Each structure stands twice: as C-alpha cells, then as structure tokens.
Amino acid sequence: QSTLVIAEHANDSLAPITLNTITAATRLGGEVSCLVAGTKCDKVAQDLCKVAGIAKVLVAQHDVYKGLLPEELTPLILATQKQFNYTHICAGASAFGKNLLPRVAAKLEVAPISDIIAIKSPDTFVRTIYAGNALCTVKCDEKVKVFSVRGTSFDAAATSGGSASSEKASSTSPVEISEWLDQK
C-alpha cells in the first residue's frame, strides 16, 4: 500500500503544514510519494527531496497551475493515480488542502475524510465534530483513502536525511474553466 502527498507551497517555499502531513503519511507504513504542482516547482522539489520519509518526489511544472486551482489540479492528481495506483491521497488540512481533496474524491467516487488528528490505521481515522466537542472515529473501506490532516496533530518531519528520487509527473490538459486573478 502506497501513499501520495499533495505538497502545498508558495514562491519557492514548501508550506510547513506539509511536513506534518508527511509524518502522518509514514504512520501508514508504505512508500510515501509526494506530488509538487505549480509554475516554478524545481526548488521546492529539491527541499522535498531532502525530507525524511519521502521515497519519490513527482514534479508537474506548467504555467496553468497558477494559483493551484482545483479544476486544473484534480485531473493532474487523477492522471498520477492511473499510472501508479495509490491507496492513499492526503494533504495538509489548510485552505489549499480542504479546497482540493473533496473534489479529487468526487472525481474518484470515493468519500473523503476531513481534518484528521490521529491515525488508528491505514483505514481508520480520528477527526473532531461539532466545533470539536466530540471525537469521531471513522473506518473507511474505499478503493482509495482521501483525506486531509490537521497540522498540529503530527510532528514536522526532518527536513534532512532524505534519499528521494525526483521524477517528471504525468501531464494533463489545461482546463481554463477558472483562472487566478489576484491576492491581498
């Protein structure tokens, strides 16, 4: 059983919430693949490589991944899923994270799992529910686990000691049904 991590990033700067994701990733006990999508990817790909836990870094560089739009990225992640067949696809339960995965799930026709804080095993998870006033434990029996991961619930993985291969990701056709316009 293999796992895939959508790395969140920005301006050549791995987003911290990804390191936590990668700790959570290794808990599952399977080769951890991490996917870097964007318009200048190579720098982060290089930091991601150094990181412990990571067997393979896949890179998808392309101008169209301006603002990491979920309509662009979803078929990219889907394309990777076909060539490789992961049991797990996770991302840091951040605004980027929460926006992307439930769509990916729809596209896979599996039901995702949000904001998890522990990992009881490769198919059992623990989130909060009702402004966290209860603790929910969910068994997922899908062909694919899709889920996002609460940052503060896992330690940041060592940024050094990684022996990861960096490979070209499989490519997808620019959708252009959405477009990035601006920030703050």
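Sequential numbering from 1, following the sequence displayed.
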Which of the two stretches, 41 to 49 or 63 to 71, shows the higher mean Cα temperature factor in the record? 41 to 49
Binned into thirds over the chain's modelled residues, the C-alpha B-factor of residue 22 lands in the middle
Just say lowest, middle or highest third for the CA B-factor of residue 28 relative to the other modelled residues in its chain. highest
Ranking the modelled residues of this chain by C-alpha B-factor as given in the entry, is residue 12 in the lowest, middle or highest third? highest
What third of its chain, lowest, middle or highest, does the C-alpha temperature factor of residue 94 fall into? lowest
Lowest, middle or highest third of the chain for the C-alpha temperature factor of residue 160? highest
